[PDB]
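# Descriptive analysis of the structure
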Amino acid sequence: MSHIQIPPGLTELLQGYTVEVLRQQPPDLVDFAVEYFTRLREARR
Amino acid sequence: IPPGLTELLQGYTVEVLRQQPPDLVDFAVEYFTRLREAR
Amino acid sequence: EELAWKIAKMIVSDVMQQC
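### Focus: the interface of chain C and chain A
- Taken residue by residue, the interface counts nine residues in chain C and ten residues in chain A.
- Class assignment of the residues belonging to the side of chain C that touches chain A gives a composition of seven nonpolar, one polar and one charged.

Printed below as a string of structure tokens:
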């Protein structure tokens, strides 16, 4: 009771976003997140 | 480290752990869009 | 949270250390 599930690919997803933030230095991190993850999903097809 | 990066990562990550979404990137799009709209 | 919070913190810290 009260186990936590860690899905596969969570760490990798976070890393990909974080590397882009630290290198590109976008001014708005939330705006960048929407754009980054939206493009990721579009490219997955 | 830029202002608020840790907070953004923690917020998303803890919600993944709490909610168990079926797809991580779908959830990311949804979660960050909500945040953008709330501001 | 409680355990979810603790584990999230652990995961985020690991990401920040690697990046």
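That shown, we press on.
### Concerning helix 2 (residues 24–38) of chain B
All names here are of chain B.
- Taking 1.5 Å per residue as the helical rise, helix 2 with its 15 residues ought to reach 21 Å, and the 21 Å between its terminal C-alpha atoms agrees with that figure.
- Buried within helix 2 we find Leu24, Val25, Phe27, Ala28, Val29, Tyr31 and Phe32.
- Two or three places before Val25, at the opening of helix 2, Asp23 has a side-chain oxygen 3.3 Å from that residue's backbone nitrogen.

### Digging into empty space enclosed by the protein
- Counted as a void, the largest cavity has a volume near 30 Å³.
- What lines the largest cavity is simply A:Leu14, A:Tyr17, A:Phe37, B:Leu8, B:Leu9, B:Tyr12 and B:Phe32.
- Ranked by the residues each element gives to the lining of the largest cavity, the list is headed by helix 1 (residues 5–19) of chain B, at three residues.
- Here the lining of the largest cavity is composed, by residue class, of seven nonpolar, no polar and no charged.

### Here's the deal with the nonpolar core
- Ranked by size, the top nonpolar core spans 32 residues in total, and within it A:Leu10, A:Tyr17, A:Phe37, B:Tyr12 and B:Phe32 carry the most contacts.
- Where this core is concerned, the elements lending two or more residues are helix 1 (10–24) and helix 2 (29–44) of chain A, helix 1 and helix 2 of chain B together with helix 1 (3–18) of chain C.
- Ignoring sequence-local partners within four residues, the contact set of A:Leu10 consists of B:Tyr12, B:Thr13, B:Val16, B:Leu17, B:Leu24 and C:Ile11.

### Observations regarding the side chain of B:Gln10
- With respect to the helices and strands, the residue B:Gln10 is situated in helix 1.
- Assessed through its relative accessible area of 9%, B:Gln10 is described here as buried.
- The contact partners of B:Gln10, leaving out residues within four places of it in the chain, are C:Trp5, C:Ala8, C:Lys9 and C:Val12.

### Focus: the packing of aromatic side chains
- Using the criterion set out here, one finds 13 aromatic pairs over all chains in the structure.
- With 5.9 Å between their ring centres and 65° between their planes, A:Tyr17 and A:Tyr36 make a pair best called edge-to-face. Of this pair, A:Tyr17 sits in helix 1 while A:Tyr36 sits in helix 2, placing them 19 residues apart in sequence. The burial state of A:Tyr17 is the same as that of A:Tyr36; both residues are buried.
- With 5.7 Å between their ring centres and 20° between their planes, B:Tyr12 and B:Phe32 make a pair best called stacked. Separated by 20 residues along the polypeptide, B:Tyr12 in helix 1 and B:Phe32 in helix 2 bring together distant segments of the chain. Residues B:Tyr12 and B:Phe32 agree in their burial class; the two are buried.
- Ring pairing ties together the aromatic residues A:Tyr17, A:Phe32, A:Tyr36, A:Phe37, B:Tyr12, B:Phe27, B:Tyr31 and B:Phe32, which thus form one cluster.

Cut-offs applied
- Residues numbered from 1 in each chain as written, not as in the entry; some residues may be left out.
- Chains lettered and ligands numbered in written order.
- Heavy atoms only, no water.
- Residues with missing side-chain atoms left out of burial classes, pairs and counts.
- Contact = heavy atoms within 4.5 Å.
- Nonpolar A, V, L, I, M, F, W, Y, C, P; charged D, E, K, R; others polar.
- Helix = DSSP H or I, 4+ residues; strand = E, 2+ residues; numbered from the N terminus.
- Expected span 1.5 Å × (residues − 1).
- Buried < 20%, exposed > 50% of the residue type's maximum accessible area, 1.4 Å probe, protein only.
- Polar contact = N/O pair within 3.5 Å; in protein donor to acceptor, adjacent residues only side chain to side chain.
- 1 Å grid on protein atoms, 1.4 Å probe; cavity = no way out; pocket = protein on both sides within 12 Å on 5 of 7 lines; lining within 4 Å.
- Points joined across faces, edges and corners; volume = space filled by probe spheres on them.
- Core = buried A, V, L, I, M, F, W, Y, C linked by side-chain atoms within 4.5 Å.
- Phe/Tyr/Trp six-rings, centres within 6.5 Å; stacked < 30°, edge-to-face > 60°.

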